[PDB]
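S.K.: Got a structure here, written out as structure tokens. Questions coming.
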Amino acid sequence: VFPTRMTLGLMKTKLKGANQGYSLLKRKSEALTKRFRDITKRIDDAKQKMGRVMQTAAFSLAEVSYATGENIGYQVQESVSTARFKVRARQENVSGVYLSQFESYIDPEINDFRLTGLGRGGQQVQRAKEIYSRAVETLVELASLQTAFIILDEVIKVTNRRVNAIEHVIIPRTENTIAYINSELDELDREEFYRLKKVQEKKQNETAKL
Amino acid sequence: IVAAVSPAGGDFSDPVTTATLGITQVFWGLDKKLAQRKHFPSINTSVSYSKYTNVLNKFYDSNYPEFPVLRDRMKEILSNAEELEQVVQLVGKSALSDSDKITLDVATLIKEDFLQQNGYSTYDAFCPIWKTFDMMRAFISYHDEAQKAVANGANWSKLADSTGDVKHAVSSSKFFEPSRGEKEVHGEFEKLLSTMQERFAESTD
Amino acid sequence: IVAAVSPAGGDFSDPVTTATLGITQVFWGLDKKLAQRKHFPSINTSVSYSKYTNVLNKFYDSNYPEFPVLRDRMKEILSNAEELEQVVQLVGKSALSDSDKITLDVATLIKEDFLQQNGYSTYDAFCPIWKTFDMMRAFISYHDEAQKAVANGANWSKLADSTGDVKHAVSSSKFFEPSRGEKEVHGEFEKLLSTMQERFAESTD
Amino acid sequence: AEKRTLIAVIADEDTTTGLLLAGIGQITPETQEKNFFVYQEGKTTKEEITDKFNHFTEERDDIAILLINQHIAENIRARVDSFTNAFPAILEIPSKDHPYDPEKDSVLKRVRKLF
Amino acid sequence: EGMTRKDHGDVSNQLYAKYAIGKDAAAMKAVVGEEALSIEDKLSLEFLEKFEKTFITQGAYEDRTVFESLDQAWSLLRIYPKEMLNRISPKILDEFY
Amino acid sequence: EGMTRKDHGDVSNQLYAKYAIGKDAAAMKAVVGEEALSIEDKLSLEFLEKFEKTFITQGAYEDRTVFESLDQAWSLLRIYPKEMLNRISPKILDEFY
């Protein structure tokens with residue numbers, strides 16, 4: 001199976017490796033679970049916050065459309081061919097693992113849209129955009145947290161697997177190998193002493209007797 | 001000369017086994033884990049070699065079977081299976097590729113159908129080099145067509161459920177007495193070859 | 001007496017090696033695995049000790065080298081680097097503190113310039129005691145600037161890349177021996193020092 | 001990495017108009033297709049929501065965040081549950097005339113398994 | 001007694017436990033970073049270097065009795081809050097922190 | 001010299017170094033996964049395989065000149081920059097890269 005001479009040197013450092021590594025993986029799991037509890041609570045809140053911010057804005061948009069006397073949304077879709085509010089990806093280290101985050105930046109491609117001129121009713125549409133540009137921004141910053149949360153869930157599973165793996169497989173494999181080789185190695189040495197001794201008793205006796 | 005020896009507690013380094021191994025040119029193994037599931041005798045390829053394997057295949061090729069070509073792929077399959085199994089253990093079956101799943105299944109089948117000589121009715125019946133060759137044509141065929149299929153886009157599940165009957169048949173083939181068309185090629189083994197072909201095609205598109 | 005000692009029981013905890021370590025005062029290591037990658041002598045900090053250090057270092061202070069300072073710091077880099085390396089293997093790291101990468105990085109340099117030497121290339125193993133002092137001086141200085149830069153702000157990748165040209169030169173300075181004058185402290189190293197500080201400023205801002 | 005900077009919309013008509021006033025979708029210059037899907041109640045198909053979801057999640061890799069109304073997400077539930085990646089992110093936010101309901105939310109289902 | 005304090009036992013406990021957590025903290029730091037390190041770990045990180053450089057590191061002709069050891073103990077410990085120092089009686093602590 | 005080059009000892013050394021790493025890169029994959037692996041370790045993995053089945057794998061009636069051996073060795077060794085190769089004199093490595 002394995003060497004009967006000096007498996008002890010490689011095996012000794014493995015064994016220590018394993019228990020030391022295990023302790024350490026537990027701290028990394030503890031940190032990952034530590035953050036995980038916190039974000040789960042923050043994310044449920046953030047869902048309602050986004051719901052509301054969209055809804056209050058969404059209703060104002062509905063009101064603006066019926067009061068002026070025409071449906072704007074068609075005209076708005078046609079005018080847009082750039083996305084004003086864009087995002088920049090960045091990695092933030094939360095725990096051991098890096099999560100993906102988004103920081104919105106506003107780029108001045110377009111300011112409003114070239115469709116308002118609906119006389120008196122047109123001021124209702126211009127103002128409607130002002131209220132929505134602010135609402136969308138709340139959603140986007142909150143939306144960043146959602147991304148990290150999915151990323152944490154994927155990592156925890158790899159991490160739970162490792163903590164089990166070390167304890168259950170590695171540590172008893174090191175134990176069985178080290179002890180079995182130790183026991184065979186000492187045996188070779190002991191029998192030799194007995195064989196040297198056995199012939200020396202024969203010698204001693206022969207000398208002694210006349 | 002076929003000479004049996006015994007390890008001293010899983011220790012193969014005991015003087016008797018090492019000495020006999022010194023003199024031998026062929027080594028055939030015996031794995032404890034595999035005997036517990038009932039597959040004794042249990043010979044793999046990382047505990048066994050034969051120097052005669054090279055000349056022996058040349059002589060079997062002549063007699064009729066395609067054996068040397070199938071022997072090489074067969075060796076590879078077992079050798080990869082062991083390594084792939086260590087990843088299943090530690091990492092899980094989530095780090096695998098689809099072709100590697102294929103290697104795992106075909107392997108499990110080989111473990112049972114050759115190595116096991118344990119009954120279920122009757123202790124297994126005389127299987128020649130000719131019989132043995134047919135089994136190898138069906139396992140090796142299963143593996144090639146299935147990997148092509150996954151490579152070319154296809155479900156794992158579709159492929160394994162579909163082989164189904166063919167797998168039951170090879171398992172139990174050895175219990176049935178040799179000659180069932182001929183010793184050479186049995187009608188029972190001949191027909192599977194068609195079934196794989198029909199399946200491969202359904203799967204692809 | 002400079003004595004080589006070697007295994008003889010096949011262990012490292014065989015009587016031969018037990019008696020010799022007890023009687024000796026100075027041990028400088030060597031590892032076989034690293035030696036194969038070609039970096040002999042591939043000194044193990046942990047098995048190495050010297051009793052002579054204090055009196056010998058007092059002597060060297062009188063002779064001109066500021067040696068003792070560097071020595072502790074040479075040992076300190078190689079020690080932390082060792083530990084960090086087990087942590088990269090064991091956990092299977094997904095990040096490192098920006099300082100620790102520097103420690104590992106500065107240790108790699110130590111490996112090349114001192115530890116990698118070839119006794120039949122005399123351009124690649126020869127330095128007088130002062131030349132040795134200057135090369136080590138340069139390293140210990142690099143570590144000293146690098147630790148400060150992260151502290152004042154700057155990313156590791158910024159530190160490594162902006163330092164750049166002087167990092168190549170120190171790496172490649174192991175291909176030299178006195179041959180630009182009978183002088184044991186060279187312009188080669190003195191120039192590097194001022195340029196290194198200049199590099200540091202860049203990294204920081 | 002930084003190669004994804006677009007926000008796609010799956011939302012009801014009035015909500016998509018609003019988001020677009022703020023400006024987050026567009027008609028791409030490399031493919032000539034919106035980064036928005038305009039939906040109406042009881043007047044658009046169940047199949048079309050499916051096509052849009054796939055298109056932005058898997059056949060587009062320049063979408064950073066795909067916003068989706070829970071109510072609309074519900075129609076095409078199999079497809080929402082089945083996309084499990086974080087690139088792009090899939091975020092259910094409360095639909096119009098509905099507050100937060102946890103029973104329509106694909107991400108919260110994933111979180112349940114393990115903690 | 002009269003050449004030790006009775007506070008000897010209490011300090012041996014405190015000194016020991018914080019040095020051990022610090023050994024753990026070094027390994028932790030390397031994986032997690034400093035941009036994700038815990039506030040308790042930071043105190044343990046500092047404790048690891050000061051216990052080694054004050055209690056263990058000392059000169060070749062320095063001399064120490066239990067009173068001298070004991071003064072140096074309290075300056076390492078001072079940095080931890082009182083509520084993290086709980087293996088110690090409230091009596092001793094309010095006097096030597 | 002004249003059928004074994006000067007670069008002979010140099011190239012051996014390099015070939016062993018990439019192989020040591022390749023063997024280790026297999027081992028880290030088993031335990032943890034692709035967690036401690038990187039662009040450097042991934043090259044080394046490729047190296048260990050290409051070397052095993054091309055350099056070492058030959059016939060048993062194949063006569064190979066010491067000139068042939070060196071020519072094949074260099075062809076294989078193209079997998080890393082010149083600056084990653086410093087187990088060889090920069091003079092020699094330009095001539096024979």
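Residue names in the structure tokens use chain letters A, B, ... in the order shown, residue numbers from 1 in each chain, and ligand numbers from 1 in the order shown.
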What do you get for the Cα RMSD if chain C is superposed onto chain B using all Cα atoms in their order?

M.R.: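 It comes to 2.2 Å after superposition.
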
S.K.: If you fit chain F onto chain E using every C-alpha atom, paired in order, what RMSD in Å do you get?

M.R.: 1.5 Å

S.K.: Counting only C-alpha atoms, which residues from chain A have an atom at most 9 Å from any atom of chain B, and could you show them as a PyMOL selection string?

M.R.: chain A and resi 1-4+158+161-162+164-166+169

S.K.: With only C-alpha atoms as the counted atoms, please give the residues lying no more than 10 Å from region 14-28 of chain A, apart from itself and same-chain residues fewer than 6 positions off, as a PyMOL selection string.

M.R.: (chain A and resi 8+34+95-97+156+159-160+162-167+170-175+178) or (chain C and resi 86-87+89-92) or (chain E and resi 24-25+27-29+31-32)

S.K.: Leaving out region 75-83 of chain F and any residue of its chain fewer than 3 positions from it, which residues lie within 12 Å of it when counting only C-alpha atoms, given as a ChimeraX atom specification?

M.R.: /C:167-169,171-172 /F:11-19,39-56,68-72,86-97

S.K.: Which residues are near residue 59 (chain B)? Cut-off 10 Å, only C-alpha atoms, ignore same chain within fewer than 6 positions. Put them as a list in words.

M.R.: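 Final neighbour list, sorted by chain and number: residues 65, 67 and 68 of chain B.
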
S.K.: Run DSSP on the backbone and grab whatever in chain E lands in alpha helix (DSSP H); send it over as an NGL selection string.

M.R.: :E and (8-32 or 39-50 or 66-77 or 90-95)

S.K.: Quick check: residues of chain C within 6 Å of chain E, only C-alpha atoms, returned as a ChimeraX atom specification.

M.R.: /C:93,95-97

S.K.: Would you pick out the contacts of region 112-129 of chain A at 10 Å or less, using only C-alpha atoms, so that residues sharing its chain but fewer than 5 positions from it are not included, and give the list as a compact mmCIF listing (two decimals) with N, CA, C and O atoms, in the first residue's frame?

M.R.:
```
# COMPACT_ATOMS: atom_id res chain seq x y z
N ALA A 57 -44.38 56.70 -8.10
CA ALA A 57 -43.96 57.26 -9.38
C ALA A 57 -44.78 56.84 -10.51
O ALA A 57 -45.04 57.61 -11.40
N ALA A 58 -45.19 55.60 -10.52
CA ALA A 58 -45.95 54.87 -11.54
C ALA A 58 -47.32 55.45 -11.60
O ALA A 58 -47.81 55.65 -12.70
N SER A 60 -48.25 58.55 -10.55
CA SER A 60 -48.06 59.95 -10.97
C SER A 60 -48.00 59.99 -12.43
O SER A 60 -48.58 60.92 -13.02
N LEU A 61 -47.37 58.96 -13.07
CA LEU A 61 -47.18 58.78 -14.52
C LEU A 61 -48.53 58.47 -15.08
O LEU A 61 -48.95 59.01 -16.09
N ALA A 62 -49.36 57.64 -14.40
CA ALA A 62 -50.72 57.32 -14.87
C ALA A 62 -51.72 58.47 -14.96
O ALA A 62 -52.47 58.64 -15.93
N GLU A 63 -51.60 59.29 -13.91
CA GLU A 63 -52.33 60.56 -13.68
C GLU A 63 -52.03 61.63 -14.73
O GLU A 63 -52.88 62.45 -15.08
N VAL A 64 -50.75 61.84 -15.09
CA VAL A 64 -50.20 62.73 -16.05
C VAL A 64 -50.73 62.38 -17.42
O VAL A 64 -51.18 63.22 -18.19
N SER A 65 -50.77 61.07 -17.80
CA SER A 65 -51.30 60.55 -19.02
C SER A 65 -52.77 60.81 -19.15
O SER A 65 -53.16 61.31 -20.24
N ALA A 67 -54.81 63.00 -17.42
CA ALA A 67 -55.15 64.39 -17.28
C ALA A 67 -54.83 65.18 -18.55
O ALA A 67 -55.63 66.06 -18.86
N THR A 68 -53.72 64.88 -19.25
CA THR A 68 -53.40 65.74 -20.41
C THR A 68 -54.34 65.55 -21.58
O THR A 68 -54.83 66.52 -22.17
N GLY A 69 -54.62 64.24 -21.84
CA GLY A 69 -55.56 63.85 -22.78
C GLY A 69 -55.01 63.05 -23.93
O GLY A 69 -55.54 63.05 -25.07
N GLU A 70 -53.94 62.34 -23.72
CA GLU A 70 -53.40 61.52 -24.76
C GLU A 70 -52.53 60.53 -24.00
O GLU A 70 -52.08 60.81 -22.85
N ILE A 72 -48.94 59.20 -23.81
CA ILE A 72 -47.54 59.51 -24.00
C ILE A 72 -46.62 58.32 -24.24
O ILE A 72 -45.57 58.54 -24.85
N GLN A 75 -44.85 57.62 -27.52
CA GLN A 75 -43.99 58.60 -28.08
C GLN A 75 -42.62 58.52 -27.41
O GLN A 75 -41.64 58.69 -28.04
N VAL A 76 -42.57 58.25 -26.12
CA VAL A 76 -41.41 58.15 -25.34
C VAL A 76 -40.54 57.03 -25.79
O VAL A 76 -39.35 57.10 -25.74
N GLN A 77 -41.14 55.82 -26.20
CA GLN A 77 -40.41 54.66 -26.60
C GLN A 77 -39.58 54.85 -27.90
O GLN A 77 -38.49 54.39 -28.08
N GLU A 78 -40.19 55.60 -28.83
CA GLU A 78 -39.69 55.99 -30.14
C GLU A 78 -38.50 56.92 -29.99
O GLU A 78 -37.56 56.90 -30.71
N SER A 79 -38.53 57.86 -28.96
CA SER A 79 -37.51 58.91 -28.87
C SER A 79 -36.20 58.41 -28.31
O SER A 79 -35.23 59.15 -28.24
N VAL A 80 -36.21 57.20 -27.67
CA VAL A 80 -35.14 56.78 -26.77
C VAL A 80 -34.32 55.79 -27.54
O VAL A 80 -34.75 54.83 -28.15
N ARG A 84 -29.60 56.66 -20.37
CA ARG A 84 -29.07 57.83 -19.71
C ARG A 84 -28.29 57.44 -18.53
O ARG A 84 -27.09 57.79 -18.28
N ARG A 134 -35.56 60.66 -10.28
CA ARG A 134 -35.23 60.42 -8.91
C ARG A 134 -35.63 59.10 -8.33
O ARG A 134 -34.82 58.46 -7.64
N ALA A 135 -36.89 58.60 -8.66
CA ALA A 135 -37.37 57.28 -8.25
C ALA A 135 -36.45 56.15 -8.76
O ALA A 135 -36.11 55.27 -7.99
N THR D 17 -42.93 53.05 -19.41
CA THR D 17 -42.86 54.43 -19.80
C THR D 17 -42.07 55.22 -18.75
O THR D 17 -41.11 55.91 -19.15
N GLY D 18 -42.36 55.03 -17.42
CA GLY D 18 -41.71 55.75 -16.34
C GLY D 18 -40.19 55.54 -16.24
O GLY D 18 -39.46 56.52 -16.05
N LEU D 19 -39.79 54.27 -16.33
CA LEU D 19 -38.45 53.86 -16.22
C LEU D 19 -37.65 54.48 -17.34
O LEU D 19 -36.49 54.87 -17.11
N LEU D 20 -38.26 54.48 -18.57
CA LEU D 20 -37.76 55.08 -19.81
C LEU D 20 -37.64 56.55 -19.84
O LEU D 20 -36.75 57.08 -20.53
N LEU D 21 -38.52 57.20 -19.01
CA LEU D 21 -38.37 58.70 -18.79
C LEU D 21 -37.10 58.99 -18.07
O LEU D 21 -36.31 59.90 -18.43
N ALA D 22 -36.79 58.18 -17.01
CA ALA D 22 -35.54 58.21 -16.37
C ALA D 22 -34.31 57.83 -17.20
O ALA D 22 -33.17 58.24 -16.91
N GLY D 23 -34.57 56.88 -18.18
CA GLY D 23 -33.69 56.46 -19.18
C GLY D 23 -32.77 55.38 -18.72
O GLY D 23 -31.82 55.68 -18.05
```

S.K.: Measuring between only C-alpha atoms, which one of D:82, D:16, D:44, D:26 shows the shortest distance to chain A?

M.R.: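 Looking at the shortest contact to chain A, the residue is D:26.
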